[PDB]
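Reading through the structure tokens given below for one structure.
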Amino acid sequence: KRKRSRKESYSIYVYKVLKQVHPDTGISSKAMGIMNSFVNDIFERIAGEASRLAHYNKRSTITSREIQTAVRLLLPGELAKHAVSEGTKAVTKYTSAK
DNA sequence: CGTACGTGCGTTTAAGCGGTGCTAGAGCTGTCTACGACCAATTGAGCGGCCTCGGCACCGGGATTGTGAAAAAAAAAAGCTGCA
Ligand SMILES: [Ca+2]
Ligand SMILES: [Ca+2]
Ligand SMILES: [Ca+2]
Ligand SMILES: [Cl-]
């Protein structure tokens with residue numbers, strides 16, 4: 001024993017995004033806990049529906065297109081437009097880096 | 001207390017029905033290869049742990065903000081009649 005086991009989180013990232021969006025504001029541990037719950041919630045919803053989609057169409061593979069269709073299903077209007085936008089942009093940029 | 005909405009009637013409308021003809025496209029098969037799993041070697045990003053100091057929570061004691069009472073006033077209204 002002697003050292004507690006490692007429990008992953010999105011904290012470093014939530015913080016990274018925080019400095020982008022507001023360089024001089026911090027975040028309490030409870031607030032960070034809510035953010036981590038948030039990310040995990042949504043991960044699970046999007047992956048979940050992506051999972052159904054693939055299975056509903058007899059595909060073994062969850063691709064970027066299943067994420068997109070799921071994102072359209074789970075987010076409301078404006079949020080989904082921008083979400084699909086950022087998702088599209090990111091995959092683009094990522095294939096350019098090769 | 002006033003009328004909206006239920007009831008019942010005569011007239012009008014088009015749903016449903018049974019059928020026929022045409023064709024998009026659902027869904028299957030066979031081929032072929034790009035891509036994702038799986039691997040072993042490599043290494044850097046993120047883990048837990050720990051220290052510092054700055055943000056925020058307290059606290060007190062001063063200023064603004066609404067509420068309720070009481071009063072004035074206004075203003076109505078109520079009770080009652082003159083006079084035409
Ligand atoms: Ca086809
Ligand atoms: Ca392919
Ligand atoms: Ca830490
Ligand atoms: Cl993909």
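By convention here, the chains of the structure tokens are called A, B, ... in the order presented, each chain's residues are numbered starting at 1, and ligands are numbered starting at 1 in the order presented.
Using only C-alpha atoms (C1' of nucleotides), the chain A residues found within 10 Å of chain B amount to residues 3, 4, 5, 6, 7, 8, 9, 12 and 61 of chain A.
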Write the residues of the preceding selection, restricted to C-alpha atoms, as a PDB file, in the first residue's frame.
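Just written: again.pdb:
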```pdb
ATOM      1  CA  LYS A   3       0.358   5.327  -1.944  1.00  0.00           C
ATOM      2  CA  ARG A   4      -3.348   5.764  -2.881  1.00  0.00           C
ATOM      3  CA  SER A   5      -4.242   4.401  -6.324  1.00  0.00           C
ATOM      4  CA  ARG A   6      -4.664   6.665  -9.321  1.00  0.00           C
ATOM      5  CA  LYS A   7      -8.143   7.957 -10.133  1.00  0.00           C
ATOM      6  CA  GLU A   8      -8.274   9.734 -13.506  1.00  0.00           C
ATOM      7  CA  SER A   9     -10.251  12.868 -14.136  1.00  0.00           C
ATOM      8  CA  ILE A  12      -6.022  19.247 -15.990  1.00  0.00           C
ATOM      9  CA  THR A  61     -17.442   0.328 -35.767  1.00  0.00           C
TER      10      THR A  61
END
```
I'd like a table as CSV: residues in chain B with an atom no more than 12 Å from ligand 2, each row giving the shortest atom pair and its distance in Å to one decimal, only C-alpha atoms (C1' of nucleotides) and all ligand atoms counted, sorted by chain and rising residue number.
```
residue,atom,partner,partner_atom_place_in_ligand_line,distance
B:32,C1',ligand 2,1 (Ca),9.6
B:33,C1',ligand 2,1 (Ca),6.9
B:34,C1',ligand 2,1 (Ca),4.9
B:35,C1',ligand 2,1 (Ca),6.5
B:36,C1',ligand 2,1 (Ca),10.4
```
Could you write out that same residue set with N, CA, C and O atoms (P, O5', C5', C4', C3', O3' and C1' of nucleotides) as a PDB file, in the first residue's frame?
```pdb
ATOM      1  P    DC B  32     -11.677  -9.409 -56.748  1.00  0.00           P
ATOM      2  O5'  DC B  32     -11.193  -8.016 -56.143  1.00  0.00           O
ATOM      3  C5'  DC B  32     -12.011  -6.816 -56.176  1.00  0.00           C
ATOM      4  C4'  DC B  32     -11.629  -5.879 -55.052  1.00  0.00           C
ATOM      5  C3'  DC B  32     -10.168  -5.977 -54.614  1.00  0.00           C
ATOM      6  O3'  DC B  32      -9.673  -4.672 -54.354  1.00  0.00           O
ATOM      7  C1'  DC B  32     -11.554  -6.371 -52.754  1.00  0.00           C
ATOM      8  P    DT B  33      -8.119  -4.408 -54.397  1.00  0.00           P
ATOM      9  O5'  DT B  33      -7.890  -3.398 -53.194  1.00  0.00           O
ATOM     10  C5'  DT B  33      -8.720  -2.241 -53.002  1.00  0.00           C
ATOM     11  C4'  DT B  33      -8.728  -1.912 -51.531  1.00  0.00           C
ATOM     12  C3'  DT B  33      -7.330  -1.792 -50.914  1.00  0.00           C
ATOM     13  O3'  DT B  33      -7.280  -0.651 -50.059  1.00  0.00           O
ATOM     14  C1'  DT B  33      -8.589  -3.324 -49.694  1.00  0.00           C
ATOM     15  P    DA B  34      -6.457   0.640 -50.498  1.00  0.00           P
ATOM     16  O5'  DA B  34      -7.002   1.782 -49.533  1.00  0.00           O
ATOM     17  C5'  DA B  34      -8.409   2.095 -49.471  1.00  0.00           C
ATOM     18  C4'  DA B  34      -8.903   2.028 -48.042  1.00  0.00           C
ATOM     19  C3'  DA B  34      -8.016   2.754 -47.027  1.00  0.00           C
ATOM     20  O3'  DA B  34      -8.811   3.713 -46.324  1.00  0.00           O
ATOM     21  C1'  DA B  34      -8.291   0.438 -46.398  1.00  0.00           C
ATOM     22  P    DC B  35      -8.182   4.582 -45.141  1.00  0.00           P
ATOM     23  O5'  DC B  35      -8.753   3.861 -43.842  1.00  0.00           O
ATOM     24  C5'  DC B  35      -9.938   3.042 -43.888  1.00  0.00           C
ATOM     25  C4'  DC B  35     -10.006   2.162 -42.663  1.00  0.00           C
ATOM     26  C3'  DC B  35      -9.360   2.758 -41.410  1.00  0.00           C
ATOM     27  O3'  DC B  35     -10.064   2.322 -40.246  1.00  0.00           O
ATOM     28  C1'  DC B  35      -8.345   0.723 -41.887  1.00  0.00           C
ATOM     29  P    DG B  36     -10.181   3.250 -38.958  1.00  0.00           P
ATOM     30  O5'  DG B  36     -10.223   2.188 -37.785  1.00  0.00           O
ATOM     31  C5'  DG B  36     -11.245   1.204 -37.719  1.00  0.00           C
ATOM     32  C4'  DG B  36     -10.672   0.024 -36.982  1.00  0.00           C
ATOM     33  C3'  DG B  36      -9.952   0.378 -35.672  1.00  0.00           C
ATOM     34  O3'  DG B  36     -10.377  -0.526 -34.643  1.00  0.00           O
ATOM     35  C1'  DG B  36      -8.494  -0.794 -37.109  1.00  0.00           C
TER      36       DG B  36
END
```
Selection as a PyMOL selection string: residues within 9 Å of ligand 1 by only C-alpha atoms (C1' of nucleotides) and all ligand atoms: chain B and resi 25-27
Within 10 Å of ligand 4, counting only C-alpha atoms (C1' of nucleotides) and all ligand atoms: which residues, as a PyMOL selection string? (chain A and resi 61-67+91) or (chain B and resi 35)
Generate a file of the selected residues that holds N, CA, C and O atoms (P, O5', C5', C4', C3', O3' and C1' of nucleotides), formatted as a PDB file, in the first residue's frame.
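Produced file part_12.pdb, reproduced below:
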```
ATOM      1  N   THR A  61     -18.346  -0.790 -35.986  1.00  0.00           N
ATOM      2  CA  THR A  61     -17.442   0.328 -35.767  1.00  0.00           C
ATOM      3  C   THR A  61     -18.191   1.581 -35.388  1.00  0.00           C
ATOM      4  O   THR A  61     -19.134   1.960 -36.057  1.00  0.00           O
ATOM      5  N   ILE A  62     -17.761   2.228 -34.321  1.00  0.00           N
ATOM      6  CA  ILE A  62     -18.206   3.579 -34.036  1.00  0.00           C
ATOM      7  C   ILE A  62     -17.183   4.458 -34.715  1.00  0.00           C
ATOM      8  O   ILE A  62     -16.005   4.436 -34.356  1.00  0.00           O
ATOM      9  N   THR A  63     -17.662   5.204 -35.699  1.00  0.00           N
ATOM     10  CA  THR A  63     -16.881   6.167 -36.451  1.00  0.00           C
ATOM     11  C   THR A  63     -17.275   7.586 -36.075  1.00  0.00           C
ATOM     12  O   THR A  63     -18.297   7.805 -35.420  1.00  0.00           O
ATOM     13  N   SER A  64     -16.492   8.544 -36.563  1.00  0.00           N
ATOM     14  CA  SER A  64     -16.809   9.969 -36.446  1.00  0.00           C
ATOM     15  C   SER A  64     -18.209  10.352 -36.931  1.00  0.00           C
ATOM     16  O   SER A  64     -18.743  11.366 -36.519  1.00  0.00           O
ATOM     17  N   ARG A  65     -18.799   9.558 -37.810  1.00  0.00           N
ATOM     18  CA  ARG A  65     -20.150   9.830 -38.278  1.00  0.00           C
ATOM     19  C   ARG A  65     -21.212   9.454 -37.250  1.00  0.00           C
ATOM     20  O   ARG A  65     -22.232  10.126 -37.144  1.00  0.00           O
ATOM     21  N   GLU A  66     -20.984   8.380 -36.501  1.00  0.00           N
ATOM     22  CA  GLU A  66     -21.881   8.045 -35.401  1.00  0.00           C
ATOM     23  C   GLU A  66     -21.847   9.132 -34.288  1.00  0.00           C
ATOM     24  O   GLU A  66     -22.897   9.569 -33.803  1.00  0.00           O
ATOM     25  N   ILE A  67     -20.655   9.585 -33.908  1.00  0.00           N
ATOM     26  CA  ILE A  67     -20.563  10.701 -32.977  1.00  0.00           C
ATOM     27  C   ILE A  67     -21.402  11.864 -33.505  1.00  0.00           C
ATOM     28  O   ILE A  67     -22.224  12.391 -32.781  1.00  0.00           O
ATOM     29  N   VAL A  91     -11.574  17.102 -36.719  1.00  0.00           N
ATOM     30  CA  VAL A  91     -11.221  15.914 -37.508  1.00  0.00           C
ATOM     31  C   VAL A  91     -10.463  16.339 -38.749  1.00  0.00           C
ATOM     32  O   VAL A  91      -9.471  15.698 -39.113  1.00  0.00           O
TER      33      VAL A  91
ATOM     34  P    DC B  35      -8.182   4.582 -45.141  1.00  0.00           P
ATOM     35  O5'  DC B  35      -8.753   3.861 -43.842  1.00  0.00           O
ATOM     36  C5'  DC B  35      -9.938   3.042 -43.888  1.00  0.00           C
ATOM     37  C4'  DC B  35     -10.006   2.162 -42.663  1.00  0.00           C
ATOM     38  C3'  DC B  35      -9.360   2.758 -41.410  1.00  0.00           C
ATOM     39  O3'  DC B  35     -10.064   2.322 -40.246  1.00  0.00           O
ATOM     40  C1'  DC B  35      -8.345   0.723 -41.887  1.00  0.00           C
TER      41       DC B  35
END
```
Near stretch 86-89 of chain A, counting only C-alpha atoms (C1' of nucleotides), which residues have an atom at most 10 Å away, once you skip same-chain residues fewer than 2 positions from it, shown as a PDB file with C-alpha atoms, in the first residue's frame?
```pdb
ATOM      1  CA  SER A  64     -16.809   9.969 -36.446  1.00  0.00           C
ATOM      2  CA  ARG A  65     -20.150   9.830 -38.278  1.00  0.00           C
ATOM      3  CA  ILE A  67     -20.563  10.701 -32.977  1.00  0.00           C
ATOM      4  CA  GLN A  68     -21.986  13.361 -35.327  1.00  0.00           C
ATOM      5  CA  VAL A  71     -24.491  14.825 -31.230  1.00  0.00           C
ATOM      6  CA  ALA A  80     -25.568  21.068 -31.815  1.00  0.00           C
ATOM      7  CA  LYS A  81     -24.687  23.337 -34.787  1.00  0.00           C
ATOM      8  CA  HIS A  82     -21.569  24.632 -33.043  1.00  0.00           C
ATOM      9  CA  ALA A  83     -20.819  21.163 -31.621  1.00  0.00           C
ATOM     10  CA  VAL A  84     -20.946  19.502 -35.030  1.00  0.00           C
ATOM     11  CA  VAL A  91     -11.221  15.914 -37.508  1.00  0.00           C
ATOM     12  CA  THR A  92     -10.281  18.058 -40.524  1.00  0.00           C
ATOM     13  CA  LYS A  93      -7.301  19.715 -38.742  1.00  0.00           C
ATOM     14  CA  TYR A  94      -6.272  16.268 -37.451  1.00  0.00           C
TER      15      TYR A  94
END
```
Just want the 12 Å neighbourhood of stretch 55-61 of chain B, counted on only C-alpha atoms (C1' of nucleotides), with same-chain residues fewer than 5 positions away dropped. Output as a PyMOL selection string. chain A and resi 25-28
One number please: atom CA of residue A:69 to atom CA of residue A:45, in Å, one decimal. 12.3 Å
Those of chain A in DSSP helix (DSSP H, G or I), formatted as a short mmCIF file (atom, residue, chain, number, x, y, z; two decimals) with N, CA and C atoms, in the first residue's frame:
```
data_model
loop_
_atom_site.label_atom_id
_atom_site.label_comp_id
_atom_site.auth_asym_id
_atom_site.auth_seq_id
_atom_site.Cartn_x
_atom_site.Cartn_y
_atom_site.Cartn_z
N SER A 11 -9.50 17.02 -14.91
CA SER A 11 -9.18 18.27 -14.21
C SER A 11 -8.17 19.08 -14.95
N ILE A 12 -7.06 18.47 -15.34
CA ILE A 12 -6.02 19.25 -15.99
C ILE A 12 -6.58 19.92 -17.24
N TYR A 13 -7.48 19.23 -17.92
CA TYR A 13 -8.04 19.71 -19.18
C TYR A 13 -9.05 20.81 -18.98
N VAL A 14 -9.99 20.58 -18.08
CA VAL A 14 -10.96 21.59 -17.66
C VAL A 14 -10.24 22.91 -17.34
N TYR A 15 -9.11 22.78 -16.64
CA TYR A 15 -8.24 23.91 -16.31
C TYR A 15 -7.59 24.53 -17.53
N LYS A 16 -7.09 23.69 -18.43
CA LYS A 16 -6.49 24.15 -19.68
C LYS A 16 -7.48 25.01 -20.43
N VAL A 17 -8.69 24.47 -20.60
CA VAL A 17 -9.79 25.20 -21.24
C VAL A 17 -10.16 26.43 -20.46
N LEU A 18 -10.06 26.38 -19.13
CA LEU A 18 -10.37 27.55 -18.30
C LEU A 18 -9.43 28.72 -18.57
N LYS A 19 -8.13 28.45 -18.72
CA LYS A 19 -7.15 29.52 -18.96
C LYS A 19 -7.37 30.19 -20.32
N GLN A 20 -7.77 29.39 -21.31
CA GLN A 20 -8.18 29.90 -22.61
C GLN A 20 -9.31 30.91 -22.55
N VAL A 21 -10.31 30.58 -21.75
CA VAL A 21 -11.59 31.25 -21.76
C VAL A 21 -11.60 32.39 -20.77
N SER A 29 -12.74 23.11 -5.76
CA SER A 29 -12.74 21.67 -5.98
C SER A 29 -14.14 21.11 -6.24
N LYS A 30 -15.16 21.66 -5.58
CA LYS A 30 -16.55 21.21 -5.80
C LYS A 30 -17.00 21.53 -7.21
N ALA A 31 -16.68 22.74 -7.64
CA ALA A 31 -16.97 23.20 -8.99
C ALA A 31 -16.26 22.37 -10.02
N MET A 32 -14.99 22.09 -9.79
CA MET A 32 -14.28 21.15 -10.65
C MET A 32 -14.90 19.74 -10.65
N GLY A 33 -15.43 19.32 -9.51
CA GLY A 33 -16.11 18.05 -9.41
C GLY A 33 -17.35 18.03 -10.26
N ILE A 34 -18.12 19.11 -10.21
CA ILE A 34 -19.25 19.22 -11.11
C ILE A 34 -18.80 19.18 -12.56
N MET A 35 -17.76 19.91 -12.93
CA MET A 35 -17.28 19.85 -14.33
C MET A 35 -16.89 18.42 -14.77
N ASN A 36 -16.23 17.69 -13.90
CA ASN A 36 -15.83 16.33 -14.22
C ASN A 36 -17.06 15.41 -14.36
N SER A 37 -18.12 15.69 -13.60
CA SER A 37 -19.32 14.87 -13.65
C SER A 37 -19.97 15.13 -14.99
N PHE A 38 -20.03 16.42 -15.34
CA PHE A 38 -20.54 16.92 -16.63
C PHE A 38 -19.89 16.24 -17.82
N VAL A 39 -18.58 16.25 -17.87
CA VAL A 39 -17.91 15.66 -19.02
C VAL A 39 -18.26 14.19 -19.11
N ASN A 40 -18.15 13.47 -17.98
CA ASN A 40 -18.43 12.02 -17.95
C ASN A 40 -19.86 11.74 -18.32
N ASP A 41 -20.80 12.53 -17.81
CA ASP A 41 -22.23 12.40 -18.19
C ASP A 41 -22.33 12.37 -19.71
N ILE A 42 -21.82 13.43 -20.34
CA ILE A 42 -22.05 13.63 -21.76
C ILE A 42 -21.28 12.64 -22.58
N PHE A 43 -20.04 12.37 -22.21
CA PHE A 43 -19.32 11.29 -22.86
C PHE A 43 -20.22 10.07 -23.00
N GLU A 44 -20.78 9.66 -21.87
CA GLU A 44 -21.59 8.47 -21.77
C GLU A 44 -22.85 8.58 -22.63
N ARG A 45 -23.48 9.76 -22.67
CA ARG A 45 -24.66 9.90 -23.55
C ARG A 45 -24.26 9.78 -25.01
N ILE A 46 -23.22 10.49 -25.43
CA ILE A 46 -22.86 10.51 -26.83
C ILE A 46 -22.38 9.12 -27.26
N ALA A 47 -21.47 8.53 -26.49
CA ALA A 47 -20.95 7.20 -26.81
C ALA A 47 -22.09 6.19 -26.81
N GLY A 48 -22.99 6.33 -25.86
CA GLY A 48 -24.14 5.47 -25.77
C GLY A 48 -24.95 5.43 -27.03
N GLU A 49 -25.37 6.60 -27.50
CA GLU A 49 -26.19 6.71 -28.71
C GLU A 49 -25.41 6.33 -29.96
N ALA A 50 -24.14 6.68 -29.98
CA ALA A 50 -23.28 6.24 -31.06
C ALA A 50 -23.30 4.73 -31.09
N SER A 51 -23.16 4.12 -29.92
CA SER A 51 -23.22 2.68 -29.79
C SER A 51 -24.52 2.10 -30.34
N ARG A 52 -25.67 2.69 -30.00
CA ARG A 52 -26.94 2.21 -30.53
C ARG A 52 -26.96 2.28 -32.05
N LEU A 53 -26.79 3.49 -32.61
CA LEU A 53 -26.64 3.74 -34.06
C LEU A 53 -25.89 2.64 -34.81
N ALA A 54 -24.65 2.39 -34.40
CA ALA A 54 -23.83 1.39 -35.06
C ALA A 54 -24.54 0.06 -35.02
N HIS A 55 -24.98 -0.33 -33.83
CA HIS A 55 -25.69 -1.59 -33.64
C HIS A 55 -26.98 -1.64 -34.41
N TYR A 56 -27.73 -0.54 -34.43
CA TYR A 56 -28.99 -0.47 -35.20
C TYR A 56 -28.77 -0.63 -36.69
N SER A 64 -16.49 8.54 -36.56
CA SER A 64 -16.81 9.97 -36.45
C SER A 64 -18.21 10.35 -36.93
N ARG A 65 -18.80 9.56 -37.81
CA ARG A 65 -20.15 9.83 -38.28
C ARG A 65 -21.21 9.45 -37.25
N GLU A 66 -20.98 8.38 -36.50
CA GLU A 66 -21.88 8.04 -35.40
C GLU A 66 -21.85 9.13 -34.29
N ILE A 67 -20.66 9.59 -33.91
CA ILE A 67 -20.56 10.70 -32.98
C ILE A 67 -21.40 11.86 -33.51
N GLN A 68 -21.24 12.23 -34.77
CA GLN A 68 -21.99 13.36 -35.33
C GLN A 68 -23.53 13.19 -35.25
N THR A 69 -24.03 12.04 -35.69
CA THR A 69 -25.47 11.78 -35.65
C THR A 69 -25.97 11.79 -34.20
N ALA A 70 -25.18 11.24 -33.29
CA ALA A 70 -25.53 11.21 -31.87
C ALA A 70 -25.59 12.62 -31.28
N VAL A 71 -24.55 13.41 -31.59
CA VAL A 71 -24.49 14.83 -31.23
C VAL A 71 -25.73 15.58 -31.73
N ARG A 72 -26.18 15.28 -32.95
CA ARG A 72 -27.40 15.91 -33.47
C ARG A 72 -28.62 15.50 -32.68
N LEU A 73 -28.66 14.23 -32.26
CA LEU A 73 -29.75 13.66 -31.43
C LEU A 73 -29.81 14.17 -29.99
N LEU A 74 -28.65 14.34 -29.35
CA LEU A 74 -28.58 14.71 -27.93
C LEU A 74 -28.54 16.20 -27.60
N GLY A 77 -30.67 22.79 -30.54
CA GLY A 77 -30.36 23.40 -31.82
C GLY A 77 -29.02 24.08 -31.98
N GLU A 78 -28.87 25.21 -31.31
CA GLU A 78 -27.72 26.05 -31.52
C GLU A 78 -26.44 25.32 -31.07
N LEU A 79 -26.50 24.74 -29.88
CA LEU A 79 -25.42 23.92 -29.30
C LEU A 79 -24.97 22.79 -30.23
N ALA A 80 -25.91 22.15 -30.90
CA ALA A 80 -25.57 21.07 -31.81
C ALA A 80 -24.88 21.60 -33.07
N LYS A 81 -25.33 22.75 -33.60
CA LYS A 81 -24.69 23.34 -34.79
C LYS A 81 -23.22 23.56 -34.49
N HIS A 82 -22.96 24.33 -33.43
CA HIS A 82 -21.57 24.63 -33.04
C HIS A 82 -20.77 23.37 -32.67
N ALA A 83 -21.44 22.41 -32.04
CA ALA A 83 -20.82 21.16 -31.62
C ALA A 83 -20.36 20.36 -32.82
N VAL A 84 -21.25 20.23 -33.80
CA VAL A 84 -20.95 19.50 -35.03
C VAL A 84 -19.85 20.24 -35.79
N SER A 85 -19.97 21.57 -35.81
CA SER A 85 -18.94 22.43 -36.34
C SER A 85 -17.58 22.14 -35.72
N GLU A 86 -17.46 22.26 -34.41
CA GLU A 86 -16.16 22.00 -33.75
C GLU A 86 -15.67 20.56 -33.97
N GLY A 87 -16.59 19.62 -33.97
CA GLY A 87 -16.23 18.24 -34.25
C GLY A 87 -15.69 18.03 -35.65
N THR A 88 -16.37 18.63 -36.63
CA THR A 88 -15.95 18.65 -38.04
C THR A 88 -14.59 19.32 -38.23
N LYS A 89 -14.44 20.53 -37.69
CA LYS A 89 -13.17 21.24 -37.74
C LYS A 89 -11.99 20.44 -37.17
N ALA A 90 -12.24 19.71 -36.09
CA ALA A 90 -11.17 19.06 -35.36
C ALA A 90 -10.66 17.86 -36.12
N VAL A 91 -11.57 17.10 -36.72
CA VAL A 91 -11.22 15.91 -37.51
C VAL A 91 -10.46 16.34 -38.75
N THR A 92 -10.96 17.40 -39.40
CA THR A 92 -10.28 18.06 -40.52
C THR A 92 -8.83 18.36 -40.15
N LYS A 93 -8.63 19.35 -39.29
CA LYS A 93 -7.30 19.71 -38.74
C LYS A 93 -6.39 18.51 -38.39
N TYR A 94 -6.99 17.45 -37.89
CA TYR A 94 -6.27 16.27 -37.45
C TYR A 94 -5.79 15.40 -38.60
N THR A 95 -6.54 15.36 -39.71
CA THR A 95 -6.09 14.64 -40.92
C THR A 95 -5.03 15.46 -41.67
N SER A 96 -5.14 16.79 -41.64
CA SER A 96 -4.08 17.70 -42.15
C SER A 96 -2.72 17.52 -41.47
N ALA A 97 -2.73 17.21 -40.18
CA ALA A 97 -1.50 16.93 -39.43
C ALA A 97 -0.93 15.56 -39.77
#
```
Mind pulling up the distance from atom CA of residue A:2 to atom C1' of residue B:53? 28.9 Å
From the list B:83, B:11, B:29, B:51, which residue is nearest ligand 3 when using only C-alpha atoms (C1' of nucleotides) and all ligand atoms? B:51
